[PDB]
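Enquirer: Pasting a structure below so you can have a look.
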Number of protein chains: 2
Amino acid sequence: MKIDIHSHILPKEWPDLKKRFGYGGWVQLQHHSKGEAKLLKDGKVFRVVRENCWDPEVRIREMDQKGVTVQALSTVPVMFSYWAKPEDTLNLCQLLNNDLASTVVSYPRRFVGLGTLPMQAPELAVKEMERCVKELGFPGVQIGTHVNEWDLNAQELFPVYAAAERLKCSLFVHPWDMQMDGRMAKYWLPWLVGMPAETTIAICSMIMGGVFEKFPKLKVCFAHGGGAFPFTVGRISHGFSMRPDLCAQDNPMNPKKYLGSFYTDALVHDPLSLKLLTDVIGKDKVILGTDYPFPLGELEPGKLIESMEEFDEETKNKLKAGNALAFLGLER
Amino acid sequence: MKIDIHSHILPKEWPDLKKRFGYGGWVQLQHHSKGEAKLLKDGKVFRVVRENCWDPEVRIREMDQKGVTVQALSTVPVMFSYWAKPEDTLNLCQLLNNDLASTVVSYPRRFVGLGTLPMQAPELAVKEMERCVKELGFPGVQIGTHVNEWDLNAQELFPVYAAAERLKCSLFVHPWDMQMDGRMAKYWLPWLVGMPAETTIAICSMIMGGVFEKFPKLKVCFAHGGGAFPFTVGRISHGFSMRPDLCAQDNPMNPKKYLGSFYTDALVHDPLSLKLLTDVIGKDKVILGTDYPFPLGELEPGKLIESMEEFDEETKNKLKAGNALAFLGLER
Ligand SMILES: [Zn+2]
Ligand SMILES: [Zn+2]
């Protein structure tokens with residue numbers, strides 16, 4: 001019933017990116033029908049989306065109906081474009097960040113912005129992060145779980161984490177670029193299994209890569225309840241203890257010592273799962289998020305949290321808003 | 001403290017498989033040092049193992065020390081060899097199954113056998129299953145989470161499931177053949193993340209492929225606590241409801257209706273994780289298993305279960321032995 005850390009939005013329209021940059025592989029939005037649009041990647045339709053995916057007015061009406069005060073807006077992850085030339089990804093980043101900032105200016109009490117960065121080129125990413133924070137006024141950014149062959153332990157990314165600490169810029173980590181073909185081409189497995197696995201790999205990578213140890217002021221929240229991590233943390237912690245030759249060469253402290261060091265959203269659908277999440281991650285560390293407007297999201301925002309007889313009213317309030325305001329560094 | 005459904009053993013020695021079959025890619029055991037051996041795949045050492053991995057006498061002494069009455073013995077999963085020619089995999093299967101049956105005959109009150117099958121060729125697999133059950137006296141078999149490009153929903157495998165129902169042959173499903181290279185080549189991620197993801201994909205595949213619906217007498221137990229499934233079942237069940245076009249074309253019943261239809265081992269390391277597992281899978285459906293003699297296993301077998309103040313003595317007894325005896329169809 002309060003703040004939603006996890007929601008995705010796109011521009012109304014954007015330019016032909018293939019023409020702008022000189023090579024294909026990019027995505028485009030095609031308005032085929034009233035209140036309806038297609039996303040495509042060279043020719044092929046790969047997703048159908050509704051009006052509420054780009055129209056702030058439509059979003060405000062649906063938020064009102066559901067009792068949601070603020071959405072944190074970030075782009076659709078397929079727009080990350082970490083695969084492209086660094087300056088072209090940055091150019092697209094500036095376009096999506098400015099779009100997002102425009103929307104925020106129009107409804108500054110209903111939205112805040114999480115920008116996107118050219119993470120494959122750390123010098124450009126630092127510079128675009130500095131702009132989002134100093135000029136656009138964003139409290140943080142949304143990044144993917146890996147960047148081409150870099151997982152988030154990668155030393156090449158340390159300048160980005162350092163910039164985040166100095167700028168007080170929060171990081172929302174979202175699974176993306178999962179395997180889509182072969183055995184994963186059935187039963188929606190990329191979204192149902194691939195996403196949570198991507199998130200668990202990101203949490204393990206930042207832990208065992210020493211990111212939380214070296215950048216102790218960095219604020220990070222992972223999407224979809226930490227993936228499998230809240231349930232498989234015992235396996236991970238035990239395995240680290242047993243094979244330090246494999247697990248401890250970048251950071252010798254046991255993963256368990258980092259519980260309390262980062263946030264997750266609360267998007268885990270079931271009450272038994274939400275209770276384990278808070279038991280493991282902490283009542284101060286779980287943030288209502290919805291994945292609005294996508295179907296895999298929570299249909300009645302805040303309902304799972306409010307349905308927990310195990311939680312007092314002060315805990316519910318932390319989960320619904322107070323934790324988001326802490327993670328984002330924003331006034332209650 | 002009772003029965004261990006999940007333990008791996010190899011023969012003392014076996015022939016040069018490359019010479020036997022006429023092409024490389026197979027594994028071999030090399031005794032380099034006292035009570036020590038190397039596993040290799042063409043030249044390269046990929047694992048070091050101890051005596052207790054092949055010597056039944058050593059295993060009995062370590063079981064006594066730990067209060068373990070019976071181990072269910074199955075081969076090391078890298079021996080599956082589903083990639084090879086069908087008759088060659090079957091020939092190796094017969095050798096490993098006979099080895100296992102010999103060991104069982106020598107200590108028939110301490111061991112039972114779970115055989116291995118040429119799953120890439122279903123007619124041969126049915127025939128070797130019939131032999132393990134009728135001639136070798138095995139109560140079940142261990143199979144992998146996928147078979148080359150077949151996940152376990154594959155219709156080509158239905159004759160194997162049908163044979164299992166008729167023969168009353170239990171199936172222990174073990175994750176294997178994970179990605180090992182690229183981004184997964186660090187931090188032991190194949191074992192810490194890849195294995196649980198493989199298991200969740202296998203549980204989803206058998207559910208949404210209608211395997212439990214079409215073969216309701218089939219007994220199946222998945223390794224490592226069901227992977228992520230006990231925590232991500234809400235995500236999976238919600239997603240199935242939202243996109244039946246993606247999820248329900250082979251079996252329209254919601255995955256949640258199958259909780260209670262299969263078993264898992266109890267190998268989840270942490271007490272919060274063991275409580276969620278029983279809450280989700282059922283107190284009648286969780287089986288003490290250890291992954292003996294591998295380091296990622298439980299070091300004091302049965303200790304997690306016995307440490308649960310939430311469980312009465314009758315529940316502990318089910319988890320330590322009664323559930324295994326039910327899954328295997330064996331006399332208490
Ligand atoms: Zn999302
Ligand atoms: Zn095992």
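We name chains A, B, ... following the order of the structure tokens; residues begin at 1 in each chain, and ligands are numbered from 1 as shown.
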Can you work out which residues from chain B touch chain A at a cut-off of 6 Å (counting only C-alpha atoms) and hand them back as a VMD selection string?
Expert: chain B and resid 187 to 188 192 228 231 234 to 236 239 246 to 247 269 to 270 273 296
Enquirer: Please give me, as a PyMOL selection string, the residues lying within 7 Å of ligand 1 when counting only C-alpha atoms and all ligand atoms.
Expert: chain A and resi 6-8+174+291
Enquirer: Write out the residues from the selection above, keeping N, CA and C atoms, as a compact mmCIF listing (two decimals), in the first residue's frame.
Expert:
```
# COMPACT_ATOMS: atom_id res chain seq x y z
N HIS A 6 9.95 -1.26 -7.71
CA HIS A 6 10.26 -2.06 -8.90
C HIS A 6 9.16 -1.91 -9.95
N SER A 7 9.33 -0.99 -10.89
CA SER A 7 8.32 -0.74 -11.97
C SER A 7 9.08 -0.24 -13.18
N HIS A 8 8.56 -0.56 -14.36
CA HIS A 8 9.26 -0.38 -15.61
C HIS A 8 8.39 0.51 -16.48
N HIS A 174 18.85 -5.80 -11.46
CA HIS A 174 17.72 -6.53 -12.11
C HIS A 174 18.24 -7.64 -13.04
N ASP A 291 6.94 -5.04 -9.94
CA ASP A 291 7.17 -5.33 -11.37
C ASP A 291 6.02 -4.85 -12.27
```
Enquirer: Select, from B:112, B:104, B:76, B:163, the residue with the minimum atom-to-atom distance to ligand 2, counting only C-alpha atoms and all ligand atoms.
Expert: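 Smallest distance to ligand 2 is found for B:76.
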Enquirer: Determine which residues of stretch 214-295 of chain B receive a DSSP assignment of strand (DSSP E), computed from the backbone, and state them as a PyMOL selection string.
Expert: chain B and resi 220-222+263-265+286-287
Enquirer: For the selection just defined, write its residues with N, CA, C and O atoms to a file, as an mmCIF file, in the first residue's frame.
Expert:
```
data_model
loop_
_atom_site.group_PDB
_atom_site.id
_atom_site.type_symbol
_atom_site.label_atom_id
_atom_site.label_comp_id
_atom_site.auth_asym_id
_atom_site.auth_seq_id
_atom_site.Cartn_x
_atom_site.Cartn_y
_atom_site.Cartn_z
ATOM 1 N N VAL B 220 9.214 -40.392 -7.344
ATOM 2 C CA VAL B 220 10.346 -39.559 -7.725
ATOM 3 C C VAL B 220 10.829 -38.751 -6.510
ATOM 4 O O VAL B 220 10.018 -38.188 -5.764
ATOM 5 N N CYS B 221 12.150 -38.690 -6.328
ATOM 6 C CA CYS B 221 12.728 -37.873 -5.286
ATOM 7 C C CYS B 221 13.774 -37.011 -6.004
ATOM 8 O O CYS B 221 14.534 -37.531 -6.806
ATOM 9 N N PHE B 222 13.776 -35.695 -5.755
ATOM 10 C CA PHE B 222 14.791 -34.806 -6.341
ATOM 11 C C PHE B 222 15.908 -34.508 -5.307
ATOM 12 O O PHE B 222 15.653 -34.325 -4.103
ATOM 13 N N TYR B 263 8.962 -36.556 -3.781
ATOM 14 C CA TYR B 263 9.858 -36.390 -2.646
ATOM 15 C C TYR B 263 11.042 -35.480 -2.955
ATOM 16 O O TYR B 263 11.362 -35.227 -4.108
ATOM 17 N N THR B 264 11.720 -35.011 -1.900
ATOM 18 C CA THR B 264 13.041 -34.389 -2.053
ATOM 19 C C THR B 264 13.952 -34.947 -0.962
ATOM 20 O O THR B 264 13.458 -35.438 0.064
ATOM 21 N N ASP B 265 15.263 -34.880 -1.138
ATOM 22 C CA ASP B 265 16.125 -35.167 -0.021
ATOM 23 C C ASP B 265 16.134 -33.924 0.905
ATOM 24 O O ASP B 265 15.505 -32.910 0.601
ATOM 25 N N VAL B 286 10.097 -35.734 2.682
ATOM 26 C CA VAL B 286 11.466 -35.230 2.791
ATOM 27 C C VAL B 286 12.338 -36.345 3.362
ATOM 28 O O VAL B 286 12.002 -36.999 4.360
ATOM 29 N N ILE B 287 13.467 -36.565 2.738
ATOM 30 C CA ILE B 287 14.270 -37.753 3.018
ATOM 31 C C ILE B 287 15.731 -37.380 3.353
ATOM 32 O O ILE B 287 16.441 -36.781 2.553
#
```
Enquirer: Please provide the set of residues having any atom within 9 Å of residue B:35, restricted to only C-alpha atoms, with same-chain residues fewer than 6 positions apart removed, written as a compact mmCIF listing (two decimals) with N, CA, C and O atoms, in the first residue's frame.
Expert:
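See selection.txt below for the written result:
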```
# COMPACT_ATOMS: atom_id res chain seq x y z
N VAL B 49 39.54 -37.67 -5.27
CA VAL B 49 38.64 -38.38 -4.36
C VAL B 49 39.42 -39.24 -3.40
O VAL B 49 40.60 -39.57 -3.65
N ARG B 50 38.77 -39.62 -2.28
CA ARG B 50 39.41 -40.43 -1.24
C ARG B 50 38.95 -41.86 -1.37
O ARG B 50 38.00 -42.16 -2.11
N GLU B 51 39.65 -42.73 -0.66
CA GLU B 51 39.31 -44.13 -0.46
C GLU B 51 37.82 -44.43 -0.25
O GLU B 51 37.28 -45.41 -0.79
N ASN B 52 37.19 -43.63 0.60
CA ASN B 52 35.80 -43.87 0.96
C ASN B 52 34.85 -43.76 -0.21
O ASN B 52 33.66 -44.03 -0.07
```
Enquirer: Which residues are close to residue B:54, i.e. within 7 Å by only C-alpha atoms, leaving aside same-chain residues fewer than 2 positions away? Reply as a list in words.
Expert: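 Everything that qualifies: residues 9, 10, 11, 12, 51, 52 and 56 of chain B.
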Enquirer: Give me a file of those residues, with C-alpha atoms, as a PDB file, in the first residue's frame.
Expert:
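Final output, part.pdb:
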```
ATOM      1  CA  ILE B   9      30.394 -44.645  -5.075  1.00  0.00           C
ATOM      2  CA  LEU B  10      32.586 -45.868  -7.950  1.00  0.00           C
ATOM      3  CA  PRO B  11      34.275 -49.125  -8.878  1.00  0.00           C
ATOM      4  CA  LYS B  12      37.825 -49.716  -7.597  1.00  0.00           C
ATOM      5  CA  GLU B  51      39.309 -44.130  -0.461  1.00  0.00           C
ATOM      6  CA  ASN B  52      35.795 -43.868   0.963  1.00  0.00           C
ATOM      7  CA  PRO B  56      32.896 -50.482   1.188  1.00  0.00           C
TER       8      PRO B  56
END
```
Enquirer: Residues of stretch 139-225 of chain B in helix (DSSP H, G or I) according to DSSP, as a ChimeraX atom specification?
Expert: /B:155-167,182-184,189-208,211-214,224-225
Enquirer: Generate a file of the selected residues that holds N, CA and C atoms, formatted as a tab-separated table (two decimals), in the first residue's frame.
Expert:
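Generated output (result16.tsv):
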```
chain	number	residue	atom	x	y	z
B	155	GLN	N	8.28	-36.53	-24.23
B	155	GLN	CA	7.49	-37.71	-24.59
B	155	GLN	C	8.33	-38.93	-24.95
B	156	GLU	N	9.53	-38.74	-25.49
B	156	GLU	CA	10.36	-39.91	-25.83
B	156	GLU	C	10.74	-40.72	-24.59
B	157	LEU	N	10.59	-40.11	-23.40
B	157	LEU	CA	10.98	-40.76	-22.13
B	157	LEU	C	9.80	-41.46	-21.43
B	158	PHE	N	8.60	-41.22	-21.94
B	158	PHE	CA	7.39	-41.82	-21.37
B	158	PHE	C	7.48	-43.36	-21.23
B	159	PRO	N	8.09	-44.06	-22.21
B	159	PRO	CA	8.22	-45.50	-21.97
B	159	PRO	C	9.02	-45.86	-20.72
B	160	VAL	N	10.01	-45.04	-20.37
B	160	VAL	CA	10.80	-45.26	-19.13
B	160	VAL	C	9.91	-45.05	-17.91
B	161	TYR	N	9.08	-44.00	-17.93
B	161	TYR	CA	8.23	-43.74	-16.76
B	161	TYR	C	7.19	-44.87	-16.60
B	162	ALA	N	6.69	-45.35	-17.74
B	162	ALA	CA	5.70	-46.43	-17.76
B	162	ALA	C	6.34	-47.68	-17.20
B	163	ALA	N	7.56	-48.01	-17.68
B	163	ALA	CA	8.28	-49.17	-17.12
B	163	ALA	C	8.50	-49.05	-15.58
B	164	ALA	N	8.78	-47.84	-15.10
B	164	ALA	CA	8.98	-47.60	-13.66
B	164	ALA	C	7.74	-47.87	-12.85
B	165	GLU	N	6.59	-47.39	-13.33
B	165	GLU	CA	5.31	-47.72	-12.70
B	165	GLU	C	5.05	-49.23	-12.63
B	166	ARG	N	5.23	-49.96	-13.73
B	166	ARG	CA	5.00	-51.41	-13.73
B	166	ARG	C	5.97	-52.15	-12.83
B	167	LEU	N	7.24	-51.80	-12.93
B	167	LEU	CA	8.25	-52.47	-12.13
B	167	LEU	C	8.32	-52.00	-10.68
B	182	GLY	N	33.05	-20.25	-19.11
B	182	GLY	CA	32.57	-18.87	-19.22
B	182	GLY	C	32.37	-18.23	-17.85
B	183	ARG	N	31.23	-17.58	-17.64
B	183	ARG	CA	30.92	-16.93	-16.36
B	183	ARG	C	30.79	-17.91	-15.18
B	184	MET	N	30.54	-19.18	-15.45
B	184	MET	CA	30.34	-20.14	-14.36
B	184	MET	C	31.67	-20.71	-13.84
B	189	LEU	N	30.45	-21.77	-8.78
B	189	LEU	CA	29.05	-21.48	-9.13
B	189	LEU	C	28.27	-22.66	-9.77
B	190	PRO	N	28.93	-23.52	-10.58
B	190	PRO	CA	28.15	-24.66	-11.09
B	190	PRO	C	27.48	-25.51	-10.00
B	191	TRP	N	28.20	-25.74	-8.90
B	191	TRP	CA	27.70	-26.55	-7.76
B	191	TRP	C	26.79	-25.73	-6.84
B	192	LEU	N	27.15	-24.47	-6.61
B	192	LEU	CA	26.39	-23.63	-5.67
B	192	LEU	C	25.09	-23.04	-6.26
B	193	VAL	N	25.08	-22.74	-7.56
B	193	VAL	CA	23.92	-22.17	-8.21
B	193	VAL	C	23.39	-23.06	-9.33
B	194	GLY	N	24.29	-23.61	-10.15
B	194	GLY	CA	23.89	-24.40	-11.32
B	194	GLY	C	23.08	-25.66	-10.96
B	195	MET	N	23.52	-26.36	-9.93
B	195	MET	CA	22.84	-27.56	-9.48
B	195	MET	C	21.40	-27.30	-9.04
B	196	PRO	N	21.19	-26.35	-8.10
B	196	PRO	CA	19.82	-26.03	-7.73
B	196	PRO	C	18.96	-25.53	-8.91
B	197	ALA	N	19.54	-24.76	-9.83
B	197	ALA	CA	18.75	-24.37	-10.99
B	197	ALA	C	18.39	-25.59	-11.84
B	198	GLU	N	19.33	-26.51	-12.07
B	198	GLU	CA	19.03	-27.73	-12.84
B	198	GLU	C	17.87	-28.48	-12.21
B	199	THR	N	17.89	-28.62	-10.88
B	199	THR	CA	16.80	-29.35	-10.17
B	199	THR	C	15.42	-28.65	-10.32
B	200	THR	N	15.41	-27.32	-10.30
B	200	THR	CA	14.14	-26.60	-10.37
B	200	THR	C	13.55	-26.76	-11.75
B	201	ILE	N	14.42	-26.71	-12.77
B	201	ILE	CA	14.01	-26.97	-14.17
B	201	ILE	C	13.45	-28.40	-14.33
B	202	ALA	N	14.06	-29.36	-13.65
B	202	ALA	CA	13.55	-30.75	-13.73
B	202	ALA	C	12.17	-30.85	-13.08
B	203	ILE	N	11.97	-30.17	-11.94
B	203	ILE	CA	10.66	-30.28	-11.24
B	203	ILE	C	9.57	-29.59	-12.07
B	204	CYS	N	9.87	-28.39	-12.56
B	204	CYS	CA	8.97	-27.70	-13.48
B	204	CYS	C	8.67	-28.51	-14.74
B	205	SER	N	9.67	-29.21	-15.27
B	205	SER	CA	9.49	-29.96	-16.53
B	205	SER	C	8.54	-31.18	-16.37
B	206	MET	N	8.71	-31.88	-15.25
B	206	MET	CA	7.87	-33.03	-14.96
B	206	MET	C	6.45	-32.61	-14.58
B	207	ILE	N	6.31	-31.49	-13.86
B	207	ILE	CA	4.99	-30.95	-13.60
B	207	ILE	C	4.26	-30.48	-14.86
B	208	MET	N	4.81	-29.47	-15.53
B	208	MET	CA	4.11	-28.87	-16.67
B	208	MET	C	4.08	-29.79	-17.90
B	211	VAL	N	3.86	-35.27	-16.38
B	211	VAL	CA	4.40	-36.57	-15.97
B	211	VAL	C	3.74	-37.11	-14.70
B	212	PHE	N	3.58	-36.27	-13.67
B	212	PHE	CA	2.93	-36.75	-12.44
B	212	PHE	C	1.42	-37.01	-12.66
B	213	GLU	N	0.80	-36.23	-13.55
B	213	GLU	CA	-0.60	-36.41	-13.91
B	213	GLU	C	-0.78	-37.73	-14.69
B	214	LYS	N	0.08	-38.02	-15.65
B	214	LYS	CA	-0.12	-39.23	-16.49
B	214	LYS	C	0.40	-40.52	-15.84
B	224	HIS	N	19.12	-32.43	-3.36
B	224	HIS	CA	19.37	-31.08	-2.84
B	224	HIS	C	18.13	-30.24	-2.51
B	225	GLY	N	17.20	-30.83	-1.78
B	225	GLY	CA	16.01	-30.14	-1.39
B	225	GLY	C	15.09	-29.55	-2.45
```
Enquirer: Just to confirm, what's the straight-line distance from atom CA of residue B:101 to atom CA of residue B:59 in Å (one decimal)?
Expert: 15.9 Å
